[PDB]
């Protein structure tokens, strides 16, 4: 099975033991390492950090120590926008120009492929006309890839994509049965089902729902997201169960109603290293002295709380449960966001290096 792990190029700016650079990577940990993120510049693939090209060399240089390892560069992401995408796929010229830069770009820096992270077409200002143009973009990348394979004599560039769980988002711009045919694998983002953008606590990545849920709220969980991807045409071997090494935090209106569904007055206190309210890396959760951990029996994931802080996260156990579930489901593997959010250096949790992802490697392999 596949263990797809994402590296982020902003984790390098974190202070202390949280600073993450390629050297922090374990070559044998995952089967596929994805580099987030690359941007666009005049309909072309481009770097986002003063040192992406140096980082690229260390990233891809890991394949010497592990020749079976596969690397991809992802373009886009949540904070990328849609303009540049909607625009690049508008004319054959731009598509044809993007594609050619993609191939020259990946090869130049030794990437084995490209992971598309257009969040998302047919939404966030994307005319539902982009839904179908996306499909086209896919084939274009696929075709050029299959062709360049022949001419260059090297292995065919891989093509993946980070995809949303939401029925709404899926219908907005994803021709599933079609695009699944051209993607080598699909990175299902089964998280962010809940977060501080809501006025009641809920889990970031629940496997199942709680009895108390039905209707739309019923989909807000992994299994829901998974059936929703299979049913539409995705072959189980190409669907990859994405998992979070981060949880989402809320601030409780009252430190007395600390249950899943309680009143939250907003985001959870920013974490010391991640410094952004409503989210926390697992290593920020780990430590928590004099705190109370619970388990949502229905959704098989935990949560913790101390005073007015409430955070729904993923642990070693819930990860075992999820790999267990994807296995019964016959999914091609697990995807994880992100390497730098796990206690990658055994510096906080006392469970060694990469407690969660090491868990994944073990259960999966």
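Positions refer to the first chain, counted from 1.
Enquirer: Tell me which of 208-216 and 118-126 has the higher mean C-alpha B-factor in the deposited entry.
Expert: Result of the comparison: 208-216.
Enquirer: Pick between 306-314 and 65-73: the one whose mean CA B-factor in the entry is higher.
Expert: Mean B over CA atoms: larger for 306-314.
Enquirer: Highest recorded C-alpha temperature factor, please, choosing from 139, 187, 245, 274.
Expert: Going by the entry's C-alpha B-factors, 139 comes out highest.
Enquirer: Based on the PDB record, which member of 191, 250, 169, 282 exhibits the highest Cα temperature factor?
Expert: Highest C-alpha B-factor among the listed residues goes to 169.
Enquirer: Looking at the entry's B-factor column for C-alpha atoms only, identify whether residue 329 ranks in the lowest, middle or highest third of its chain.
Expert: It falls in the middle third of the chain.
Enquirer: Taking the values exactly as deposited, rank residue 236 by C-alpha B-factor within its chain and report the matching third: lowest, middle or highest.
Expert: Within its chain, residue 236 is a middle-third residue by C-alpha B-factor, going by the deposited values.
Enquirer: For residue 288, return the chain-relative third of its C-alpha B-factor as stated in the PDB record: lowest, middle or highest.
Expert: CA B-factor rank for residue 288: highest third.
Enquirer: Taking the C-alpha B-factors as the PDB entry records them, is residue 296 in the lowest, middle or highest third of its chain?
Expert: Its C-alpha B-factor, which the entry lists for residue 296, ranks in the highest third among residues of this chain.
Enquirer: Ranked by Cα temperature factor within the chain, is residue 112 in the lowest third, the middle third or the highest third?
Expert: For residue 112, whose C-alpha B-factor we compare with every modelled residue in the chain, the answer is the lowest third.
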